[PDB]
Amino acid sequence: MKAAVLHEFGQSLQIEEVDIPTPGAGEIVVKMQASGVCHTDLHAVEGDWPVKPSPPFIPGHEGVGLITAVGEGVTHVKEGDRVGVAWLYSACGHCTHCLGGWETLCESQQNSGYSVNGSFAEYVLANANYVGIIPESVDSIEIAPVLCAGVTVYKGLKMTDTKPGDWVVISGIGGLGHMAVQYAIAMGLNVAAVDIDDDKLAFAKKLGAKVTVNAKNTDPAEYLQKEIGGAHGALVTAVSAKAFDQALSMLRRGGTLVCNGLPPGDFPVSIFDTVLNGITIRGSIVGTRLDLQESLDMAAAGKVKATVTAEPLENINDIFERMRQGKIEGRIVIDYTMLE
Amino acid sequence: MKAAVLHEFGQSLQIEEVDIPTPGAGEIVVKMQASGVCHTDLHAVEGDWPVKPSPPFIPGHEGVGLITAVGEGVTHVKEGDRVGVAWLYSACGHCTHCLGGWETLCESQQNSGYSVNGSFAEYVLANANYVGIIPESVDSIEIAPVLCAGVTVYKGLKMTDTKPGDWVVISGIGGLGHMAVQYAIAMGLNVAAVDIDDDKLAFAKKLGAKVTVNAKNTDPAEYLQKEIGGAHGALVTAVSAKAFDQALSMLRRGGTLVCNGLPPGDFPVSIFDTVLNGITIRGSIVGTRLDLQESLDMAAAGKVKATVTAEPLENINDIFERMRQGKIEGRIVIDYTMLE
Amino acid sequence: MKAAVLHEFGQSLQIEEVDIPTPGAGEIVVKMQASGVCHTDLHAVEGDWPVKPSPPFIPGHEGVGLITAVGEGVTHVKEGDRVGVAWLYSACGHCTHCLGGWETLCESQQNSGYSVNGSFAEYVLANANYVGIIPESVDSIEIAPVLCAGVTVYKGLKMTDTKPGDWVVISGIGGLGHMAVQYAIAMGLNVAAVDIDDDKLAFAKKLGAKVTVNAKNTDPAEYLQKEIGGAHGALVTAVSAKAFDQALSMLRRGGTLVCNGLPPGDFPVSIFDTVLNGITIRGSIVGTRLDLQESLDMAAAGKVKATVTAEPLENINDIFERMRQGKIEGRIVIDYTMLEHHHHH
Amino acid sequence: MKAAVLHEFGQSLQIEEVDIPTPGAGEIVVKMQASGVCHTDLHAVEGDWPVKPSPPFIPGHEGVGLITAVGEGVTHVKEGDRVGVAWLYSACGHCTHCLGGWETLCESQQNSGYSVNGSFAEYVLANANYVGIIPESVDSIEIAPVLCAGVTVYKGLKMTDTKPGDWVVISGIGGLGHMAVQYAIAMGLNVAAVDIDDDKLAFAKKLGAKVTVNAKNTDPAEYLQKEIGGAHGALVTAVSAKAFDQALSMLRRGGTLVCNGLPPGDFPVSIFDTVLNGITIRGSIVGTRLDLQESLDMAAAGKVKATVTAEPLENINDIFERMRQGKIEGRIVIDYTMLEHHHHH
Ligand SMILES: [Zn+2]
Ligand SMILES: [Zn+2]
Ligand SMILES: [Zn+2]
Ligand SMILES: [Zn+2]
Ligand SMILES: [Zn+2]
Ligand SMILES: [Zn+2]
Ligand SMILES: [Zn+2]
Ligand SMILES: [Zn+2]
Ligand SMILES: [Zn+2]
Ligand SMILES: [Zn+2]
């Protein structure tokens, strides 16, 4: 089967031939129709993070396709079912985290396209108990980004501890952020969108953000303090020092900021004002099986729709380069019927 | 009446004579039996913080005493009632924070012994709707610190989002921390105490902390990771950079760190690890009327007891000096029957 | 000033002349532009409930108007401000319930148009700390029902412990229920509406209910168990024994049923199944000051709109007779600028 | 192996010989050291409930013993590990309930000693992912009741939505109730115990209940309304109509009642007052794997200790007869090392 393989961190991936896997007990093989690509896949192939892949490996944790083989003992899915291969490839199922519905925190979890081969190949070996069940009505290319961007922003909004009618700021209206506006609206929130690109901000308004502000033209924190009295919640999708700090300043007292991705390093942080104002700072970066199901249902109900561009597998190094310089709009999805 | 008056930030307070106030509508005058002193009074008299007192003023926000006059329209308390004058002097009662039981966040709150005269005088003018109602059974000197330290650590423990049977770390077993260990036990938590003083740590163990570690002799984080698998929550009572950072490292994934006081400045912060591990950082520094009532009931039930030392008002500058170099043990309380 | 006064339980109210009150400390006087009417006013004037009014009294707990006098010490509102007089007239502000944001539970509360005079008069004396602050942009007649129906169904939906994407059944799509469907949609819920009137159910669908069932034609519980796998939550706006029991049966395991009004009596209840299925049964019947503010903001955002019919004060006994036989649609609101024409002789 | 087998509902169980099972994938066999016995086993063997066992079957859902065989693919436990066989034998792992940490609600769950063979035999085949992990330090006979009574009352107290310093009433201080008082104390709650037996009530006080009331001598509700201003929560361990109704009356407004077991039938219920007072009624009858783990940790910490009486397997019909007339104190546990002495002829 065709796969994009990373042999050495920071090298181009090689489209090459590899064996189709076969499933052991508890496993399935899924033939990919589509695979999302995101910045996480870029961190994987550059070996950026403290805990790294072991090359050679196949990246990708946003695969949609049909089950072509079922392993021993699997009964809740079957051949022909359409499923999703997401970041959480497996978890132990016995620890305090797994037992309490927080399997995203399991210390022995495996991650698709990172600690094991992923969705950048024509076929993927998966743990049947951890794949997403894809709703009937949806398109495979369009739904793929829900498996990563969608579930992420959705769980991240839940982690803002906000409620219908509250105001949430979405900082950064890119790959994640355009999904975040949509989930926030579906969750009955009023949205304030902040970015530095005017078109992104128009897109946000079209997706239902009643307030927008361009951080390059205007102090976002002064404007939102005056306009909405400060946000109840903030979801920071592009974590740079400045966006984080501005997002803190955009909150009312008792507000919650959720960092929805990993910044590159530490960066100084208010503390003093943070405690005075009863602020909460939390990370949230993926979602549980149930979060992913809820995410997918919202999409199937038409409440959320990803902007995608479909490309052949062969373009994956080009795609990374464009990513390296924020040239991507919406999300990029590999389409496995594009036979170059 | 006798009062300790601050005329100029950073100068000695003068014990001097001032008029006994009389109460307008909604107010009461309380003759003090006791007044706690804490670092917040020190920040008030040094004019350390961004928003400052307007000298000349009388500090103190931990006064216990008997009502001697009642203003127009006050019916729920009356002459002779023993009440507590705490940090929260008043709040607006109309804003979203006040209406939802978060009056500690009210943007037009007044603060005793900071924005208005407080408990470092023989009598105090107070808003009848914001004083604490002192339980029958308790001693006035002993109960005073509940009005500031006790409520603070109590609400702080609530804000760790822990539950009975969880492990909480109390970092710093000093004025606040020794009360914190007791509230944590009363709330069914297992307590790990960290400090750098061996006697403080023995005291903690005597108050019910099953685990103790001296941060000077041992990496506290490595030790608690191995010993208890990481704490579910951390209450940081002495906020220096190093204690904060170590406290982060003591948490298990999904844990919550509450800062229970104000540090002096910003200080770098993990972020990256914080988000990866699904950690929450939160500030909590005082408590609502209801929190204060709940704090006081726990004390009256004998579940919590402050270590206090009673001193005459005249010693207040000496007391501040000893504070400036960590010479205080437990809490210091001004005793208004100590007549010089 | 003109007021509708109840002198004897169960008798017609008399439109008569009464002194305009003047405000003491902490109080205000509000000149009414509009007053909602509801079944709670009917229970009040019939003296139906265990704890009753003391006649003579002026009913009404859904008044919207402008402040015309401000008492001593009141500073957060002022003359000309538009405010709402609601069921919770006052609470003590000192008890556990009041301190914890649950003033609706205060054992010494007062209730507008029940334990003190209310909104069925051209002016009303009120406690300044308990009136609702009416958003700028709304109409006074249209907004009045938010003070009672809206806040009730809003807080009741919060009390279902559901979340966006969950399914809630609204049982009874009448005065309350039509507002309930709108709030439930604004709160990101999927809505299944149940009633026994087809037109009510069409209205519900128009308000965004994706699923509807006529309990007369079809077993509502069997249908919703098959169709949505059981609701996560149920809000019972018309509490008869049969609606209550069916609503229980419409829930999935771990679901929550909220009774949003007072039934007439006891009525047997499942228990056994309720405990087996991990079901929660809860009452929620009004809302705090903050719940009311949040309700009102939703309305002002255009997310909720009450169906109303405006009438002159002098129709209040006709209104109650219609109510006595389920003839009302939406809500009725007294409009203080509407006049009679007697067409004299 | 020796097993107590129920062949016909309502008949004596037969101690007879049955094959030791062998484990398939995902399964283990556990050699029992101890087995609790409770009213749920009695309902099972009488075939009392709407959904019943399929005889012949081996009852028991409180087994403690050592793994003697491990099936294919099992890695998180191993031979010689001490584990607990509890009511929740298995769940699907794939539905909304299972994925959200509410596996106790799973519609395709299996129940030990009810829908599959349980702990009334010397060996039990179990699903490795659902057995409890027994802390090192505890005794096997003493810990067995935690697997059923303990987890039940523990999760039930969590479901009262109380917090440390609140007042909870434990109604019925028997098998479940005497554990409930200990858990409630460990959870920082003040405890009011109610029952109709003075000795039970003294025991409760000894376990830390600072308030007690004998419902036969005194109106429990009037007393607790005066004494503590009404409880925040109530846990009803013996569900008869009268206990349930009195427990409702013991709550303050906004209070929560949890029914911790299954009454025999429906029984009228307040509603009207319930909704007026903002009261919540909830069933909670067992616990998740995590609840069970937490229960067990509290016991191992010395915070909770079950009163038990150890008996040989062969007494199981005698045990059920004593149960049939409330002759049991604390809990009964079968101890697999205990032997009869027939004193033969
Ligand atoms: Zn290769
Ligand atoms: Zn991704
Ligand atoms: Zn795990
Ligand atoms: Zn002076
Ligand atoms: Zn202080
Ligand atoms: Zn305020
Ligand atoms: Zn009404
Ligand atoms: Zn009150
Ligand atoms: Zn049992
Ligand atoms: Zn299941």
# chains A, B, ... in the order shown; residues from 1 in each chain; ligands from 1

call {"tool": "interface_residues", "arguments": {"of": "chain B", "to": "chain D", "cutoff": "12 Å", "atoms": "only C-alpha atoms", "output": "ChimeraX atom specification"}}
result
/B:154,157-158,161-166,182-190,210,291,293-301,303

call {"tool": "residues_near_ligand", "arguments": {"ligand": "ligand 9", "cutoff": "9 Å", "atoms": "only C-alpha atoms and all ligand atoms", "output": "VMD selection string"}}
result
chain D and resid 36 to 41 60 to 62 86 to 87 145 147 to 149

call {"tool": "write_last_selection", "arguments": {"atoms": "C-alpha atoms", "output": "PDB file, in the first residue's frame"}}
result
ATOM      1  CA  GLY D  36     -21.122 -11.495  50.976  1.00  0.00           C
ATOM      2  CA  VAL D  37     -24.842 -12.301  51.025  1.00  0.00           C
ATOM      3  CA  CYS D  38     -27.583  -9.594  50.827  1.00  0.00           C
ATOM      4  CA  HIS D  39     -31.259  -8.968  50.114  1.00  0.00           C
ATOM      5  CA  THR D  40     -30.454  -8.694  46.420  1.00  0.00           C
ATOM      6  CA  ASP D  41     -29.471 -12.357  46.421  1.00  0.00           C
ATOM      7  CA  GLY D  60     -23.669 -13.944  44.879  1.00  0.00           C
ATOM      8  CA  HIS D  61     -22.160 -10.547  43.822  1.00  0.00           C
ATOM      9  CA  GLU D  62     -19.740  -9.805  46.657  1.00  0.00           C
ATOM     10  CA  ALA D  86     -19.227  -7.275  42.301  1.00  0.00           C
ATOM     11  CA  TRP D  87     -22.785  -6.622  41.029  1.00  0.00           C
ATOM     12  CA  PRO D 145     -19.376  -6.043  51.998  1.00  0.00           C
ATOM     13  CA  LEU D 147     -18.195  -4.516  47.142  1.00  0.00           C
ATOM     14  CA  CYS D 148     -21.909  -4.109  47.461  1.00  0.00           C
ATOM     15  CA  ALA D 149     -23.053  -2.222  50.579  1.00  0.00           C
TER      16      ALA D 149
END

call {"tool": "residues_around", "arguments": {"residues": "residue 218 (chain D)", "least_positions_apart": "6", "cutoff": "12 Å", "atoms": "only C-alpha atoms", "output": "list in words"}}
result
residues 194, 195, 196, 212, 224 and 246 of chain D

call {"tool": "write_last_selection", "arguments": {"atoms": "N, CA, C and O atoms", "output": "short mmCIF file (atom, residue, chain, number, x, y, z; two decimals), in the first residue's frame"}}
result
data_model
loop_
_atom_site.label_atom_id
_atom_site.label_comp_id
_atom_site.auth_asym_id
_atom_site.auth_seq_id
_atom_site.Cartn_x
_atom_site.Cartn_y
_atom_site.Cartn_z
N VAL D 194 -31.58 8.04 61.72
CA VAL D 194 -32.95 7.80 62.04
C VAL D 194 -33.19 6.33 61.86
O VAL D 194 -32.76 5.74 60.86
N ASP D 195 -33.90 5.75 62.80
CA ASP D 195 -34.30 4.37 62.74
C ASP D 195 -35.37 4.23 63.84
O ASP D 195 -35.87 5.24 64.39
N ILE D 196 -35.76 2.99 64.10
CA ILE D 196 -36.81 2.69 65.07
C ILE D 196 -36.27 1.75 66.12
O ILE D 196 -37.01 1.30 66.94
N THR D 212 -29.40 11.66 66.64
CA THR D 212 -30.12 10.40 66.38
C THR D 212 -31.56 10.60 66.75
O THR D 212 -31.88 11.37 67.67
N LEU D 224 -35.85 17.22 63.47
CA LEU D 224 -34.68 17.64 62.74
C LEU D 224 -34.88 19.03 62.16
O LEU D 224 -33.92 19.75 61.98
N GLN D 246 -41.10 10.40 55.42
CA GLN D 246 -40.52 11.11 56.56
C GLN D 246 -39.21 11.73 56.17
O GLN D 246 -38.87 12.82 56.60
#

call {"tool": "residues_near_ligand", "arguments": {"ligand": "ligand 6", "cutoff": "7 Å", "atoms": "only C-alpha atoms and all ligand atoms", "output": "list in words"}}
result
residues 91, 92, 93, 94, 95, 96, 97, 98, 103, 106, 107, 108 and 109 of chain B

call {"tool": "write_last_selection", "arguments": {"atoms": "N, CA, C and O atoms", "output": "PDB file, in the first residue's frame"}}
result
ATOM      1  N   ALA B  91     -20.250  45.161  49.244  1.00  0.00           N
ATOM      2  CA  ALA B  91     -20.309  44.991  47.817  1.00  0.00           C
ATOM      3  C   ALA B  91     -21.604  45.596  47.293  1.00  0.00           C
ATOM      4  O   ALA B  91     -22.374  46.014  48.095  1.00  0.00           O
ATOM      5  N   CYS B  92     -21.789  45.734  45.998  1.00  0.00           N
ATOM      6  CA  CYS B  92     -22.873  46.587  45.504  1.00  0.00           C
ATOM      7  C   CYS B  92     -24.167  45.937  45.715  1.00  0.00           C
ATOM      8  O   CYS B  92     -25.246  46.628  45.770  1.00  0.00           O
ATOM      9  N   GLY B  93     -24.133  44.623  45.603  1.00  0.00           N
ATOM     10  CA  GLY B  93     -25.336  43.808  45.629  1.00  0.00           C
ATOM     11  C   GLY B  93     -26.211  43.738  44.387  1.00  0.00           C
ATOM     12  O   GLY B  93     -27.248  43.090  44.433  1.00  0.00           O
ATOM     13  N   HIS B  94     -25.813  44.398  43.289  1.00  0.00           N
ATOM     14  CA  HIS B  94     -26.619  44.457  42.068  1.00  0.00           C
ATOM     15  C   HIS B  94     -25.995  43.850  40.797  1.00  0.00           C
ATOM     16  O   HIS B  94     -26.692  43.637  39.831  1.00  0.00           O
ATOM     17  N   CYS B  95     -24.706  43.543  40.791  1.00  0.00           N
ATOM     18  CA  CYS B  95     -23.985  43.272  39.553  1.00  0.00           C
ATOM     19  C   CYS B  95     -24.070  41.785  39.400  1.00  0.00           C
ATOM     20  O   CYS B  95     -24.498  41.065  40.336  1.00  0.00           O
ATOM     21  N   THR B  96     -23.608  41.270  38.275  1.00  0.00           N
ATOM     22  CA  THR B  96     -23.680  39.882  38.000  1.00  0.00           C
ATOM     23  C   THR B  96     -22.906  39.083  39.079  1.00  0.00           C
ATOM     24  O   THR B  96     -23.322  37.993  39.508  1.00  0.00           O
ATOM     25  N   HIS B  97     -21.784  39.587  39.509  1.00  0.00           N
ATOM     26  CA  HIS B  97     -20.967  38.863  40.495  1.00  0.00           C
ATOM     27  C   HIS B  97     -21.750  38.774  41.814  1.00  0.00           C
ATOM     28  O   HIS B  97     -21.787  37.705  42.430  1.00  0.00           O
ATOM     29  N   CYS B  98     -22.310  39.908  42.272  1.00  0.00           N
ATOM     30  CA  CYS B  98     -23.022  39.952  43.540  1.00  0.00           C
ATOM     31  C   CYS B  98     -24.265  39.063  43.439  1.00  0.00           C
ATOM     32  O   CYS B  98     -24.527  38.278  44.342  1.00  0.00           O
ATOM     33  N   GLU B 103     -19.757  37.677  45.305  1.00  0.00           N
ATOM     34  CA  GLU B 103     -19.567  39.042  45.677  1.00  0.00           C
ATOM     35  C   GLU B 103     -18.106  39.405  45.925  1.00  0.00           C
ATOM     36  O   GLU B 103     -17.755  40.608  45.949  1.00  0.00           O
ATOM     37  N   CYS B 106     -16.974  41.593  43.142  1.00  0.00           N
ATOM     38  CA  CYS B 106     -17.630  42.861  42.842  1.00  0.00           C
ATOM     39  C   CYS B 106     -16.584  43.962  42.625  1.00  0.00           C
ATOM     40  O   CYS B 106     -15.675  44.190  43.434  1.00  0.00           O
ATOM     41  N   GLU B 107     -16.705  44.607  41.480  1.00  0.00           N
ATOM     42  CA  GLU B 107     -15.816  45.699  41.122  1.00  0.00           C
ATOM     43  C   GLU B 107     -15.996  46.998  41.921  1.00  0.00           C
ATOM     44  O   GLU B 107     -15.099  47.815  41.946  1.00  0.00           O
ATOM     45  N   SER B 108     -17.089  47.166  42.638  1.00  0.00           N
ATOM     46  CA  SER B 108     -17.146  48.279  43.580  1.00  0.00           C
ATOM     47  C   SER B 108     -17.202  47.878  45.038  1.00  0.00           C
ATOM     48  O   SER B 108     -17.707  48.616  45.921  1.00  0.00           O
ATOM     49  N   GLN B 109     -16.605  46.743  45.333  1.00  0.00           N
ATOM     50  CA  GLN B 109     -16.471  46.383  46.717  1.00  0.00           C
ATOM     51  C   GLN B 109     -15.644  47.364  47.464  1.00  0.00           C
ATOM     52  O   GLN B 109     -14.801  48.014  46.891  1.00  0.00           O
TER      53      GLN B 109
END

call {"tool": "residues_near_ligand", "arguments": {"ligand": "ligand 5", "cutoff": "7 Å", "atoms": "only C-alpha atoms and all ligand atoms", "output": "CSV table (one decimal) with C-alpha atoms, in the first residue's frame"}}
result
chain,number,residue,atom,x,y,z
B,36,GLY,CA,-6.0,39.8,63.6
B,37,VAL,CA,-3.0,41.2,61.8
B,38,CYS,CA,-1.6,39.7,58.5
B,39,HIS,CA,0.6,40.4,55.6
B,40,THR,CA,-2.3,42.1,53.7
B,41,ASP,CA,-2.2,44.8,56.5
B,61,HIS,CA,-9.7,43.4,58.4
B,62,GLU,CA,-10.1,40.7,61.1
B,148,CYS,CA,-9.2,36.1,57.0
B,149,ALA,CA,-6.8,33.1,57.1

call {"tool": "closest_residue", "arguments": {"among": "C:204, C:20, C:125, C:257", "to": "chain D", "atoms": "only C-alpha atoms"}}
result
C:257

call {"tool": "residues_near_ligand", "arguments": {"ligand": "ligand 8", "cutoff": "8 Å", "atoms": "only C-alpha atoms and all ligand atoms", "output": "MDAnalysis selection string"}}
result
chainID C and resid 91:99 103 105:109

call {"tool": "select_by_dssp", "arguments": {"residues": "region 1-187 of chain B", "states": "strand (DSSP E or B)", "output": "PyMOL selection string"}}
result
chain B and resi 2-6+14-17+27-37+57+63-70+82-85+88-90+110-112+116+121+123-127+132-133+167-171

call {"tool": "select_by_dssp", "arguments": {"residues": "region 34-263 of chain D", "states": "helix (DSSP H, G or I)", "output": "VMD selection string"}}
result
chain D and resid 39 to 46 96 to 99 103 to 105 140 to 147 149 to 158 175 to 186 198 to 206 220 to 228 241 to 249

call {"tool": "atom_distance", "arguments": {"atom1": "CA of residue 12 (chain C)", "atom2": "CA of residue 323 (chain C)"}}
result
13.9 Å

call {"tool": "residues_around", "arguments": {"residues": "residue 178 (chain B)", "least_positions_apart": "5", "cutoff": "10 Å", "atoms": "only C-alpha atoms", "output": "list in words"}}
result
residues 149, 150, 153, 170, 172, 173, 183, 193, 200, 201, 203, 204, 207, 237, 304, 305, 306, 307, 329, 330 and 331 of chain B

call {"tool": "residues_around", "arguments": {"residues": "region 241-248 of chain A", "least_positions_apart": "5", "cutoff": "9 Å", "atoms": "only C-alpha atoms", "output": "PyMOL selection string"}}
result
chain A and resi 169-172+195+215+219-221+234-236+255-257+259+263+266-270+274+279+281
